[PDB]
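Undergrad: Just to be clear, this is only the beginning of the complex, oriented as in the whole thing:
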Amino acid sequence: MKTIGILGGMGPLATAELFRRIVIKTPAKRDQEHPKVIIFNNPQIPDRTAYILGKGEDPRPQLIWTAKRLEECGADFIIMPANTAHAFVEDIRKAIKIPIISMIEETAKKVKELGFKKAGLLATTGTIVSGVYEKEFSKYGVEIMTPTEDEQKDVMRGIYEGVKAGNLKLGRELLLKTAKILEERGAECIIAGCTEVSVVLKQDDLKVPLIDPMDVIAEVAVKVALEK
């Protein structure tokens, strides 16, 4: 089996949730049949969105350092529970020697498989501005729909003032309301494009399929780690 490397701490709760889902999604008769998982939860990585919006330091030096620590530590491949950080996935890849399985790309493949051609995106303004999902989803013929500028501020509040601050109730209420707004506008499916959203939203809260990049990457990581 291959050792799964998790480059996290963006934020810590989302990182802990991805790991939990990986264990739950792992089939086995005894513990020794579970794959090795090395998690480097590095919360000191500068906020990804702030940099993209020109209001903070570049997170690449720390992202790369964390990836390198994972390599030295024993990881065979890396998964990163941070959608916004994927805006620099290519920069990280070029600096290291092990593969990084993109949550964005795997999620796009999943959406394509379902047959949806339009998706409502719940993500940080950083992710939206950088075009992470727009660029990747276009490759598979999927169109992205985001909330209005004012509604997007509620999304950012739910993520930052909410989940990242420990106030899950506030995060959930603001993210769920925006999710329903997208559904009213015809969203064929909803993308939990921010790991903090993955933490508080579930299929039972929506009227259309909820595509969660965290579940997708958890499944992919488990399959790869076990099939070789």
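TA: Nice, thanks for sending it over. Numbers count the residues shown, from 1 in each chain, chains lettered A, B, ... in the order given.

Undergrad: Show me how chain A divides into domains.
TA: Here the domain parsing of chain A from curated CATH domains is A:1-104+A:214-228, A:105-213.

Undergrad: got JSON lines for these, with mean neighbour count too?
TA: Just so you know, the C-beta spots here come from the backbone N, C-alpha and C atoms, and that holds for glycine as well. Formatted as JSON lines, those follow (neighbours: other CB atoms under 10 Å):
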{"stretch": "domain A:1-104+A:214-228", "mean neighbour count": "18"}
{"stretch": "domain A:105-213", "mean neighbour count": "19"}
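
Undergrad: host element of residue A:7?
TA: Residue A:7 belongs to strand A:4-8 when elements are defined using DSSP states H and E.

Undergrad: swap in residue A:219?
TA: Taking DSSP H and E as the definition, residue A:219 sits inside helix A:213-226.

Undergrad: Distance from that helix to the middle of the chain?
TA: 12 Å (CA atoms, centre = their mean, to the nearest Å).

Undergrad: residues in contact with residue A:58?
TA: Counting by CB atoms under 8 Å, 6 or more residues apart in numbering, residue A:58 makes contact with A:46, A:51.

Undergrad: measure it to residue A:88 for me?
TA: 9 Å (CB to CB, to the nearest Å).

Undergrad: Residue A:136 too?
TA: Relative to residue A:88, residue A:136 is positioned 14 Å away (criterion: CB to CB).

Undergrad: and if you look at residue A:36?
TA: From residue A:36 over to residue A:88 the distance is 26 Å, taken as CB to CB.

Undergrad: And for residue A:10?
TA: Going from residue A:10 to residue A:88 by CB to CB gives 12 Å.

Undergrad: Need the overlap of contacts for these two.
TA: Shared contacts of residue A:10 and residue A:88, counting by CB under 8 Å, 6+ apart, come down to residue A:48.

Undergrad: Next, the contact list for the residue nearest to residue A:130 when sequence neighbours are not counted, please.
TA: The spatially closest residue to residue A:130, leaving aside those adjacent along the chain, is residue A:87, at 3.8 Å (CB to CB, 6 or more residues apart in numbering). Residues near residue A:87 by CB under 8 Å, 6+ apart: A:48, A:52, A:126-127, A:130, A:132.

Undergrad: For residue A:67, state which of those is nearest.
TA: Within those, proximity to residue A:67 (CB to CB) peaks at residue A:48, which comes in at 14.3 Å.

Undergrad: Please find the angle between the direction vectors of the helix or strand where residue A:23 lies and helix A:213-226.
TA: If you go by DSSP H and E, residue A:23 is part of helix A:12-24. Per axes from the mean of the first three to the mean of the last three CA atoms, to 10 degrees, the angle that helix A:12-24 makes with helix A:213-226 is 50 degrees.

Undergrad: Extract the C-alpha set from helix A:12-24 and format it as CSV.
TA: Taking Å, rounded to 0.1, in the frame of the first residue of the first chain, the C-alpha atoms of helix A:12-24 are listed here in CSV:
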residue,chain,number,x,y,z
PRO,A,12,-7.3,22.3,11.0
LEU,A,13,-10.9,21.2,11.4
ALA,A,14,-11.3,20.5,7.7
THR,A,15,-8.0,18.6,7.8
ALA,A,16,-9.2,16.4,10.7
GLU,A,17,-12.5,15.8,8.8
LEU,A,18,-10.8,14.6,5.7
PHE,A,19,-8.7,12.1,7.7
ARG,A,20,-11.8,10.8,9.5
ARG,A,21,-13.6,10.3,6.2
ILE,A,22,-10.6,8.4,4.8
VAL,A,23,-10.6,6.0,7.7
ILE,A,24,-14.4,5.5,7.5
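
Undergrad: Chain B should go on the structure too:
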Amino acid sequence: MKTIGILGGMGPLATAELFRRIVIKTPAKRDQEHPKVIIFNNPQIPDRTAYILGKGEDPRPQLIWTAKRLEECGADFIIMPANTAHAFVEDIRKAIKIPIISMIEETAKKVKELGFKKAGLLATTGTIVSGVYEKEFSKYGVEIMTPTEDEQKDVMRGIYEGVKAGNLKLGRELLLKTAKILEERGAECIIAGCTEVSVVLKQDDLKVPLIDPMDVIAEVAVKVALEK
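TA: Now chain B, sitting on the chains shown earlier:
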């Protein structure tokens, strides 16, 4: 802040839960306020109980290998979310330079400081026979109290056929009555030596403090990390 190192994979789920508890117990208003956490989930570590009671390959080589990796990756100290693995805490400490904070020891210390001298232990038969709790609690002048062999069968059945199987009704009835008789015999507190126990056993159901070692080590880790 100090980097928290978690030597896990015994088993995977318990390892993921410890990490989640540390995050929830960390007072932070933003990602960057959370301390670094390096987790090495190594499910290939030979069964500890198996080696202690009979056959089983020696788990020390793997335990030490994992600890050394955590040290190499950057951990300032190590915590281990597994009971019987603590039977070899001294062997691990001897092979590394950073300290290993014992979950069993921290719980014994907590029980002692609360002024208690007798504690009732609800745990698996394997954990009990390993004597890990008995040995460490004695050092702190705390007498361990466990059910009789036949009553222990109620415990095991409550943990597996009950809680682990989804039958919360069966689980609660068997564990609750066992916890109460330990109380009748003089237990000044109940040690939830098995994660399953806390699932159906809540503080409101008991007259004495219900203590979960996982919560304790999680709390100590946060305190030491935020510096102590």
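
Undergrad: Revisit the contacts of residue A:87 given that chain B is now included?
TA: Residue A:87 makes contact with A:48, A:52, A:126-127, A:130, A:132, according to CB atoms under 8 Å, 6 or more residues apart in numbering or on different chains.

Undergrad: okay if I get those as a markdown table plus distance to chain B?
TA: A markdown table is the format used below for the contacts of residue A:87 (distance: CB to the nearest CB, whole Å):
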| residue | distance to chain B |
| --- | --- |
| A:48 | 10 |
| A:52 | 15 |
| A:126 | 13 |
| A:127 | 15 |
| A:130 | 18 |
| A:132 | 19 |
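
Undergrad: In this structure residue A:92 contacts residue A:64, no?
TA: Yes: the criterion here is CB atoms under 8 Å, and residue A:92 meets it with residue A:64 at 5.7 Å.

Undergrad: Need the distance between the two termini of stretch A:126-136.
TA: 15 Å (CA to CA, to the nearest Å).

Undergrad: next one: it to chain centre, how far?
TA: Per CA atoms, centre = their mean, the centroid offset for stretch A:126-136 relative to its chain is 13 Å.

Undergrad: Point out the residues in chain A that sit beside chain B.
TA: Contact residues (CB under 8 Å from any CB of the partner chain) of chain A with chain B: A:9-13, A:15-17, A:19-20, A:22-24, A:26, A:31-47, A:69, A:72-74, A:160, A:164-166.

Undergrad: Which residue ranges of chain A form helices?
TA: Secondary structure of chain A (DSSP state H): helices at A:12-24, A:48-52, A:60-73, A:89-95, A:103-114, A:125-130, A:132-139, A:149-157, A:168-184, A:195-200, A:213-226.

Undergrad: Just the C-alpha atoms of the last one, please, in PDB.
TA: Written as PDB, here are the backbone C-alpha positions of helix A:213-226 (Å, rounded to 0.1, in the frame of the first residue of the first chain):
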ATOM      1  CA  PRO A 213     -14.600  17.400  -3.100                       C
ATOM      2  CA  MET A 214     -13.600  16.100   0.300                       C
ATOM      3  CA  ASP A 215     -15.500  12.900  -0.100                       C
ATOM      4  CA  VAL A 216     -14.200  12.600  -3.700                       C
ATOM      5  CA  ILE A 217     -10.500  13.000  -2.800                       C
ATOM      6  CA  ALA A 218     -11.000  10.700   0.300                       C
ATOM      7  CA  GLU A 219     -12.300   7.900  -2.000                       C
ATOM      8  CA  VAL A 220      -9.600   8.500  -4.600                       C
ATOM      9  CA  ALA A 221      -6.800   8.500  -2.000                       C
ATOM     10  CA  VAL A 222      -8.100   5.300  -0.500                       C
ATOM     11  CA  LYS A 223      -8.300   3.500  -3.900                       C
ATOM     12  CA  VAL A 224      -4.800   4.600  -4.900                       C
ATOM     13  CA  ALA A 225      -3.300   3.800  -1.500                       C
ATOM     14  CA  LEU A 226      -4.800   0.300  -1.600                       C
END
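
Undergrad: which of the contacts of residue A:87 lies closest to residue A:117?
TA: Using CB to CB, the contacts of residue A:87 come closest to residue A:117 at residue A:132, 18.6 Å.

Undergrad: Isn't that closest one up against residue A:84?
TA: Yes: under the criterion of CB under 8 Å, residue A:132 makes contact with residue A:84 at 7.3 Å.

Undergrad: which neighbours do those two share?
TA: With CB under 8 Å, 6+ apart as the test, residue A:132 and residue A:84 both reach residue A:123.

Undergrad: Since that was my last question, I'll sign off now.
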